[PDB]
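**Student:** Just need the structure, nothing else, for what follows:
(chains A and B, ligands or ions: 2)
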Protein chains: 2
Amino acid sequence: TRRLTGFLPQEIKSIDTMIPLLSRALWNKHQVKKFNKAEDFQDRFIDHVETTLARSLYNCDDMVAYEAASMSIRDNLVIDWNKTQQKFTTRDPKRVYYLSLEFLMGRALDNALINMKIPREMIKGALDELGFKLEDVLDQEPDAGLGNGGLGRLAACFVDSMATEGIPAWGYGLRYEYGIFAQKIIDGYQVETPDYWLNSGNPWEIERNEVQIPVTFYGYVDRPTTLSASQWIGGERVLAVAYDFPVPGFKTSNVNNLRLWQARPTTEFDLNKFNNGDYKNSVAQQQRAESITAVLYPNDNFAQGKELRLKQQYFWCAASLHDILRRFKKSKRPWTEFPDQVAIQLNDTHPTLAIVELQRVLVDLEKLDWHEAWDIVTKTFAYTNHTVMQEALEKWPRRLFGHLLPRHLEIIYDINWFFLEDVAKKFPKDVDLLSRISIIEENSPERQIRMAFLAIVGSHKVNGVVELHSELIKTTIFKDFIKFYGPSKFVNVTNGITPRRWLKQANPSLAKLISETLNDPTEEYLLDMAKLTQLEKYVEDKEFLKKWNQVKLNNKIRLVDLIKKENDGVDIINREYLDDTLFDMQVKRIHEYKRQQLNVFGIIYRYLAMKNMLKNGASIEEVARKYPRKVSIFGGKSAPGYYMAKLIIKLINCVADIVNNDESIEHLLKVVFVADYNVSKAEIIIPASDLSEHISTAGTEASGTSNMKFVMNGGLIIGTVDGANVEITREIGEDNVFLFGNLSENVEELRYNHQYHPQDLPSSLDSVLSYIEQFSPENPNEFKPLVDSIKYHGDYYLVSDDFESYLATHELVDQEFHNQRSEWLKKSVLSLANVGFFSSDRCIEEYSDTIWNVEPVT
Amino acid sequence: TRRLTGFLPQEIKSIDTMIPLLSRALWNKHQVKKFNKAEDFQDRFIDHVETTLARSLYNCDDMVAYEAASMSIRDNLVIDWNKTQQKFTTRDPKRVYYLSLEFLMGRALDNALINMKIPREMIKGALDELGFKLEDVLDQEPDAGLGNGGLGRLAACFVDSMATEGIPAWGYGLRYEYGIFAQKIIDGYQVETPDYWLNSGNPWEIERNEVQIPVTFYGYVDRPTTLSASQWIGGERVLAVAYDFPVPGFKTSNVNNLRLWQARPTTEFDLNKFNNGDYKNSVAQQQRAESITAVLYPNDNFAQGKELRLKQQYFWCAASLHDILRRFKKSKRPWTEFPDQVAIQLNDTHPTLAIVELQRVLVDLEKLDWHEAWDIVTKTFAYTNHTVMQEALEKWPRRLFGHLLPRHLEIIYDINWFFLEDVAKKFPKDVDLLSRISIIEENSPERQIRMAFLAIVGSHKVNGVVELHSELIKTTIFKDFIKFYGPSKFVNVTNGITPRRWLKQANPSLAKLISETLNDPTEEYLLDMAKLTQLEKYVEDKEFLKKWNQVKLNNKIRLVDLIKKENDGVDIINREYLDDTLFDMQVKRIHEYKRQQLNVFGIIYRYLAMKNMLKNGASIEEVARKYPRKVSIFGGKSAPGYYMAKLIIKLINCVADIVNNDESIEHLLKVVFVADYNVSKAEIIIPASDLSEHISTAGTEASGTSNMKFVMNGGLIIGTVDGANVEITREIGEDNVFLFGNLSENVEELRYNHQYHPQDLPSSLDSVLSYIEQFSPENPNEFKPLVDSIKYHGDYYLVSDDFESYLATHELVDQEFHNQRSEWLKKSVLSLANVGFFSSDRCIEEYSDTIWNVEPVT
Ligand SMILES: *Cc1c(COP(=O)(O)O)cnc(C)c1O
Ligand SMILES: *Cc1c(COP(=O)(O)O)cnc(C)c1O
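**Tutor:** Numbers count the residues shown, from 1 in each chain, chains lettered A, B, ... in the order given. Ligands and ions are numbered 1, 2, ... in the order given. Find the structure here:
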């Protein structure tokens, strides 16, 4: 009884003898086996329809089929999830715990079908014989509302690669009920909605009602000097109940685990209250508890949200560390071996409280010496940093932090004290250094606790996400920490993406082409991306290029089908002429620095130029020869209160309404916006891409994984020389990317000249800003804040500066693609051929060998 | 696609031809079959552990096993739920819809094991081979928090019988999240707690996320004379989502359905609000919606609750009628045939709005003539009335009703108008009749709508729950209605209980005995309870009686085991001597008229008598000879604000603390209170019963089904000549029940004399009232209101009057049981032998033949 993920070997050798031989024989002659053949899947599927779902052939529809098929696949997974967890218990290897505030998991079923050792075609077969089109049942699955942007997607890809590599890793996070939110574009505006992804339960979790951790907030420390084992007599306690998500690996039978926490009240219902008619309060406790896992990134733009964000980050750090030390004590190993057995990765600053908490439990509960405990903490953590600009670094104010977490404030003051002593002993008399490098920021009037500095001081390794970013954190925001610790502590591991979701799941038709040309029927190239350089040989010969183009044309058709479906059966994109239609997409977070507005100003410019040309008596054959057939695809969500980002979404929608419906330019240009862009939409959108925009102001992006997703699928980049664009260029060659705009050196000066020595706007740009001051007749000055930020508030994101360069590169793109497609297709094949360094398997190799010092146990 | 419970035959003959023969062959070669053998169940079970629950042999504990096994059985059920629903669709028989505000379903697994055509033993076998004790896994199941008292349990039993009989019936109700509440006795007090029965989901439902009915509140009617099709432009809309619970029948493969509604907001999350930091309001709608199915019987003792109760009753009437007319229209039959096809039973007044609603939809939406519609309404409904005292008849105030339901007020005024005309034409010049029989009560200052009168006027049949009740409603509260309608309309169908839960589930050991003795290996007697009269032959012979008693002893052990478990391993009841311990239980709603206080006053009396006896130098052999070993088992819940009922629970607990721990009486008396008495507890508690108390003031109980449950299990009744006691007595014979106390004739006079001509309290009673004015040292006047109600406020429930009679009958009981158990055992065997009329199968036969005019379609 009692232990769900592994019996220590000894326990099993004792227990086994007290079980009567008949029980052991029966259990053994009826133990579940994994599917070995399609019939096996059919039998599980039909039994779940008839028994679980209490349904029959006559009313098992596609939602039923998905529920049943998911239940069958999870059954198979559980068998290997149990074996793997027992192997690690029996073999006690060093383990990796990956703490991330968001895991952008996407949809689980097809990924399980691909990472299945004995196949999508067998299951595909089996389902079709029972009456089901796999693709129709695949669509019934809601994307897990467990993450949001690239931070979470990086945690997701990693989790996959660790499982493929048999690395003993677990991810810990939160089980958000409602996602971050979900986007509807109502009347050209974004309206936020609850992302109801658990409405019909969730067939992939294991709810572990058995694992319930208590977590405490507020209270007081009573000793009756901080260094000593103190007692936190807290004021509120909530419960963390775990939910296990199994994680398959490609070709392994090693299934690793994601453990997410849901917050529950200590007292569900209060009958006293209800019976006295105080109904609202009888359920009050329940309400408070559930706030903590209700929504991702709760609005912290006011005290209550600042509090809830901290409250949530403590709850997950607390419960996860608890579960991480519980498992350790089954080893019965001495605390001094904890660093040799546990590696915890802080994916960004959000889990830094885990440092302060391990110190808190080792000193207050476990009674170690403050200094012996701190040595263990130090050797256990490592921090990945994703921030460029110092302003985005997380700080908490002392009043709030103290009130909510009294003992953890005490330990942060202690930690900082000894660190600042160590600094004083290394740089005698350097007064200002002590102020700058301190964890507590002495500010007016609220002192802050600088979390990123606490994370450097508590970790044995910090790393950036791309080489240039890494150089930059040693050179800029963490310079003093490099002086005191030495360059050694600051590493780089360039980000990457998983081949199985982003190439084999998202683009099967290309995955088959490669397995055909390179003659690799076992898809071994997904484990060894290095082999894709062989595609370079076949760059020179025609039938291959025809083949390569066809894949991309069929992929374009899928996207077109999606836009039609999403437009209630009406097509937006003109399907005839599609092979000569350049699909140009910019799908990412709507934010002024991502410069979606630069891209829109470029669209309006081209449109204005086309229209003017027609009216000056050119035939469309003449206009089309200069501005050929294009579809601009935009997708992404704005934060709920970012007014300017929400304006940019309305503006894209307005441009689309005038241009898409303007007969005169006869379908030479269309603008489309995809709502509630999530991973599944990105799996349809990315393999269809002819060109993808990666145009942020230079110097603003640290890495950038969707860039890599476009490259792995033969898409070309038009981008700024920033972020992941720089490393893409290194690997695939400068001659294959379309770079433009200013470089970072010139950014601070061009910014200065804008205010204290202004030049003027280019006529091109001035034509579009006057033309929107597009048309918007109902409110002919709605788009004014945007125009006036460029035209009157120093144009901080350099739209004016890059406008002409951007347009010049687009003239290039257009001629390349339409008029000399064999040159275009060579850029695409070579992209593929050299994308392999960005495989998240290589990121996990690097992390395992330099930071975690972890070996696979498979 | 789309229809979940049956394809009209035609639809299938058409569809079938379009399915390719290979799909049809595959589907057909992999269609789930029902378990035919234990291996079949093992395979489903292991697969659910490994796959659904992602677990393994090494960590599949009992919660896991239950979850898995439940899932396997539901799977089997679903196969026949689907067949049955399709048969009815194909055969279009008249259907019965049973509307009930509460369905006390209890725990579903074992019931399913028993009502399983090919067995608990096969499953049992199978589980044990895998490592599981059935009984350990059975306990993991929370009792469905879907009902509360007998009203709901009547609906539950019915549902079972209809299913066994192949009667085409569906039950409609609400899916309460939190039950009514759950009771913890903290410090001897009841503390209400949320009944968290859905904490780990619910493996028996089918969540039909597909069936979502809108329901509307407030608003206005706009015509721009009520008679006409009017438009209700309501002000709030909530959603009703169905959850299907399959309902097996014994030996049938006919599985019928319970459809429960959950209220959902029309808008789950409001991102606008959230983003503005108005977090609280962003989720506000959700909050309001969920109020409607959050809790059963919401506290209506203030406007807000009056409102919520009406709100809830409308929601369920509305959604259910909707679902009932929807299914009707698949028949494509004329509205004039609705009465020939739908029979809707109003289980009590709570669904009377269904009348007004069917009239509302037939007139406003379906556009029938007010008078033609009304004729259909009339012929469709029948009302079972469960109320004795007119005061408990539901009325709603016009302001509130009107405000919440404006159109339904209009129709109620109309309905009433014509009815009152009809009355005037039948009784010219009878002025006051018109006032009395009216549906709208002209009162100060708020006019009420008398729901029960509306229900009479809208039904074609009204029925009481027991013959005497029935006569009484014709004679009293509904007399004028009998004058005007004629006796014919007022029927009786005495209530009853299902044999399979209350005998075979709750008491297997007896069910085996009967199958052994009557040589009926097939348990056919559960279908034909009439055969149990054969047990009467075996009344006379010893081995049988030994056998009969053994059963009851083992059953008592079970209860004891329960109380121990519930007392943290500490036993309360002394296990040695158990066969001579009379288990005397009164498990029911704590209410002054149920007279638990009479029973407690009787316990304290006996204790005071015992103690006094000991102190007067009797040896316990002497005390024991007079007051033999008894365990009073109390169980039941008080309403949250019923101060006096809550006092009574403290008082029972106080008594138990003094008596149970009083060494002196050496275990001759124990008082035990079982907290949070639900059905499962009642399935352990009832077969263990030696005697059960049914002691309400005479004239206060309409029927009373636990009484029958006790009878079916050989328990004897001590009761008032009231309620179901009267019919129990008829059937099993007066000589087998212990009746006492005043008769109803005498109640009004005894009551009068209490105030305007008082006699004095019996000394017996005065001893106990002074003794509690038991001990309670901390607050030596806590129990005063109880004492002063009897002693100074006319003792309206006749405790004083019946005290002595009660004690006298107890003396009888005690002697019968301890000293002449063969006579006791004959009462028990004969009880059994003649309990058969109270089989809910016979209730359902009667209902089917007189009221519903329904035939089985099996
Ligand atoms: C790839 C991915 C991301 C990360 O992309 P960024 O370049 O970091 O914007 C975000 N969202 C989705 C849905 C993705 O698939
Ligand atoms: C039988 C039953 C009831 C109905 O009994 P009443 O005699 O009407 O009090 C109520 N609750 C439970 C748990 C039951 O099993």
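
**Student:** all helices for the stretch 201-350 of chain A, in order.
**Tutor:** Along the stretch 201-350 of chain A, counting by DSSP state H, counting those that start in this stretch, helices occupy A:271-275, A:279-282, A:284-294, A:303-331, A:338-341.

**Student:** Show me what counts as buried in the longest one.
**Tutor:** When burial is assessed from 16 or more other C-beta atoms under 10 Å in any protein chain shown, helix A:303-331 yields the following buried residues: A:305-325, A:327-328. Any C-beta I mention is one placed from the backbone N, CA and C, and that applies to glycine too.

**Student:** Also the second one?
**Tutor:** Buried residues in helix A:279-282, counting neighbours by 16+ other C-beta under 10 Å, are found at A:279, A:282.

**Student:** Which neighbouring elements make contact with that helix?
**Tutor:** In terms of contacts (3 or more C-beta pairs under 8 Å, 6 or more residues apart in numbering or on different chains; DSSP states H and E), helix A:279-282 is packed against helix A:271-275.

**Student:** do the same with the third one
**Tutor:** Contacts defined by 3+ C-beta pairs under 8 Å, 6+ apart place helix A:284-294 against strand A:236-248, strand A:255-264, helix A:303-331.

**Student:** Export that helix to PDB, keeping only CA atoms.
**Tutor:** The C-alpha trace of helix A:284-294 is given here as PDB (Å, rounded to 0.1, in the frame of the first residue of the first chain):
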ATOM      1  CA  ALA A 284     -15.800  31.100   1.000                       C
ATOM      2  CA  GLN A 285     -12.700  29.100   1.900                       C
ATOM      3  CA  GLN A 286     -13.100  27.100  -1.200                       C
ATOM      4  CA  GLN A 287     -13.300  30.300  -3.200                       C
ATOM      5  CA  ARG A 288     -10.000  31.700  -1.800                       C
ATOM      6  CA  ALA A 289      -8.100  28.500  -2.300                       C
ATOM      7  CA  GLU A 290      -9.100  28.000  -5.900                       C
ATOM      8  CA  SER A 291      -7.900  31.600  -6.900                       C
ATOM      9  CA  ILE A 292      -4.300  30.200  -6.700                       C
ATOM     10  CA  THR A 293      -4.800  27.800  -9.700                       C
ATOM     11  CA  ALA A 294      -7.700  29.500 -11.500                       C
END
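
**Student:** Now it: buried residues?
**Tutor:** Of the residues in helix A:284-294, those buried (16+ other C-beta under 10 Å) are A:285, A:286, A:289, A:290, A:291, A:292, A:293, A:294.

**Student:** Leaving out the residues flanking it, which one is nearest to the third one?
**Tutor:** Put plainly, it is residue A:289. Leaving aside its chain neighbours, residue A:289 sits nearest to residue A:265 (3.9 Å; criterion: C-beta to C-beta, 6 or more residues apart in numbering or on different chains).

**Student:** Show me which of the buried residues of helix A:284-294 is closest to ligand 2.
**Tutor:** residue A:286 (25.5 Å; C-beta to the nearest ligand atom).

**Student:** Show the contacting residues for the residue nearest to residue A:289.
**Tutor:** Neighbouring residues of residue A:265 by C-beta atoms under 8 Å, 6 or more residues apart in numbering or on different chains: A:238, A:239, A:285, A:286, A:288, A:289, A:290.

**Student:** For the residue lying closest to the fourth one once chain neighbours are set aside, what are phi and psi?
**Tutor:** Spatial nearest neighbour of residue A:286, excluding adjacent residues (C-beta to C-beta, 6+ apart): residue A:265 at 4.7 Å. Note on residue A:265: its backbone torsions stand at phi -70, psi 160 [degrees, to the nearest 10].

**Student:** Please identify which pair of the contacts of residue A:265 lies farthest apart.
**Tutor:** The most widely separated members of the contacts of residue A:265 are A:239 and A:288, with 12.1 Å between them, by C-beta to C-beta.

**Student:** Report the backbone C-alpha coordinates of stretch A:261-268 in CSV.
**Tutor:** Only the C-alpha atoms of stretch A:261-268 are listed here, as CSV (Å, rounded to 0.1, in the frame of the first residue of the first chain):
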residue,chain,number,x,y,z
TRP,A,261,-0.7,21.1,-8.6
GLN,A,262,-4.3,22.2,-8.1
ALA,A,263,-5.0,24.3,-5.0
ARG,A,264,-7.8,23.0,-2.6
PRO,A,265,-9.2,24.5,0.7
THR,A,266,-8.5,22.8,4.0
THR,A,267,-12.3,23.0,4.6
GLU,A,268,-14.5,22.5,1.6
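
**Student:** distance between it and the chain's centre?
**Tutor:** 27 Å (C-alpha atoms, centre = their mean, to the nearest Å).

**Student:** and that stretch, which residues are buried?
**Tutor:** Buried residues in stretch A:261-268, counted by 16+ other C-beta under 10 Å: A:261, A:262, A:263, A:264, A:265, A:268.

**Student:** Looking at these, which is nearest residue A:598?
**Tutor:** Set against residue A:598, the nearest of these by C-beta to C-beta is residue A:261 (41.2 Å).

**Student:** and that closest one, what does it touch?
**Tutor:** When contacts are counted by C-beta under 8 Å, 6+ apart, residue A:261 touches A:172-175, A:213, A:240-243, A:293, A:315-316, A:319-320.

**Student:** Okay, the closest residue to it other than its chain neighbours and residue A:151: tell me how far apart.
**Tutor:** Leaving out its chain neighbours, the residue that sits closest to residue A:261 by C-beta to C-beta, 6+ apart is residue A:240, at 4.3 Å. Distance check for residue A:240 against residue A:151: by C-beta to C-beta, to the nearest Å, it reads 22 Å.

**Student:** Just want to know which of these two has more residues nearby.
**Tutor:** Legend: neighbour count by other C-beta atoms under 10 Å in any protein chain shown for residue A:240 and residue A:151, higher for residue A:240 (24 against 20).

**Student:** what are the bridge partners for the more buried one, then?
**Tutor:** Residue A:240 has the following beta-bridge partners by DSSP bridges: residue A:213, residue A:263.

**Student:** So out of everything in chain A, what residue is nearest ligand 1?
**Tutor:** Proximity of chain A to ligand 1 (C-beta to the nearest ligand atom) peaks at residue A:150, 2.6 Å away.

**Student:** pretty sure that residue contacts residue A:702?
**Tutor:** No: judged on C-beta atoms under 8 Å, residue A:150 makes no contact with residue A:702 at a distance of 9.5 Å.
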